[PDB]
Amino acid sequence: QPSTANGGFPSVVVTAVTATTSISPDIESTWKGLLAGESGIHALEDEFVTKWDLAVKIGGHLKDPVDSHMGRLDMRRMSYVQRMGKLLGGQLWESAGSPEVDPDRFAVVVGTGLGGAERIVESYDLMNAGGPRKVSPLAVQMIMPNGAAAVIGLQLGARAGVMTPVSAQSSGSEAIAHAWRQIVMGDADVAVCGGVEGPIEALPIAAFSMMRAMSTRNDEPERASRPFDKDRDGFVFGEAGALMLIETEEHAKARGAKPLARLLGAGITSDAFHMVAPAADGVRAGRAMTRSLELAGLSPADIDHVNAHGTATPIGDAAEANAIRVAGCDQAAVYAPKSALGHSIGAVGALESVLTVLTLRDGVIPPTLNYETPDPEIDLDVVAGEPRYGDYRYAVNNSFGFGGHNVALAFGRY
């Protein structure tokens, strides 16, 4: 059976990354910030918080708002996720050296949680006020959830497929999994992949808050997200979008690109347990990890590092600790970046895959913030207090989503 290690699949490398976060618009500054123990979570100053007296009054807005880079027409012709996709798509390509690739071998796979939903409600209000001729001729193509991926495909010229897998909070990792599949199956040699997501707003907070699993530690925003900690009280929103460029090792060599890491395998499963709670036993989630190992050609003892989904929900963290044990990876050093960056939903799995890549490139895992009281039921090696340094050779990035979706990505040091 084919694996990366046994040459049954071609070698695929990560050759550029871009991300915008609550800490910085520059991924390399976000990364230094994380290492120095910086949090992007703050008191929400938005008017909408006082207008509605929201129970949740914390979150990380992007340091550098997407729309400060958007012109007059982009504001009127794209939904917010498409605007983010355009912004990141251009930054990534510039970071890659603006390569001239064969368009017929270039694919885009970009996940998102929802799509251009603000244009749904705008279109609804416009029609209710002034009838059907007040709806934009662009409303369909701004709203459709494949919109951000399609904007990036058009921007960069991708003709080997533009795909948008949606799996709620695992969408941004799932996208990279499908990009890797498309290359190893011979449909593409190069792919831009990742995840984008909307900003923090009143209605999203209201709707997630009614499920009662958001932190309300409003007095102390930077202490509120505590994945794996005994005193965790739910997740915190933190805005992000992130993309990476992956290509065959041969394609990278031929153009002189310097790889940051290798993308070795990907595992996708599903729980069939509950729509909005993960299976407590972590068995299908652990199988996604295992399947990424099988495809990579690795054993669980090879894994130095797991980048946890680690939302800081009580039931979420417990299930993931069980999954990591089921996969044999519970001696890896674990990071839960939502501790500092919060949860960006459809993008978050892409951001964390980027962080996994930087961990491998630089030999360092940032501290998990707020990890102050270990939880007996979670017996994991959670990195905390200061960075953990090592010559890491292999890591797995985990992401999970409402629906019972489990995605695991195996990366290696280049």
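Residue indices: 1-based, along the sequence shown.
Stretches 92 to 100 and 302 to 310 differ in mean C-alpha B factor, with the higher average recorded for 92 to 100. Per the PDB record, of the two stretches 68 to 76 and 145 to 153, 68 to 76 carries the greater mean B-factor over its C-alpha atoms.
Comparing the C-alpha B-factors of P165, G256, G161, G195 in the entry, the top value falls on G256. Taking only the listed residues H274, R217, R287, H343, the entry reports the highest CA temperature factor at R217. The entry lists a Cα temperature factor for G390 that places it in the middle third of the chain's modelled residues.
Residue-level temperature factors show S353 in the lowest third of its chain, judged at the C-alpha atom.
Per-chain ranking of the deposited C-alpha B factor places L260 in the highest third. The entry lists a Cα temperature factor for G234 that places it in the middle third of the chain's modelled residues.
Per the PDB record, residue ranking by Cα B-factor puts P366 in the middle third of the chain.
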